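Colleague: The structure follows.
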Amino acid sequence: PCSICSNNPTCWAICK
């Protein structure tokens with residue numbers, strides 16, 4: 001499950 005990161009470019013790509 002990927003966390004709902006609202007407008008932050010670095011936090012979205014690190015999802016495993």
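Labels used: A, B, ... for chains in the order of the structure tokens, numbers from 1 for residues in each chain, and numbers from 1 for ligands as shown.
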Need to verify the contact set: residue 15 in chain A, 10 Å, only C-alpha atoms, exclusion of same-chain residues closer than 4 positions in sequence. Can you return it as number ranges by chain?
Modeller: A: 1-3, 11
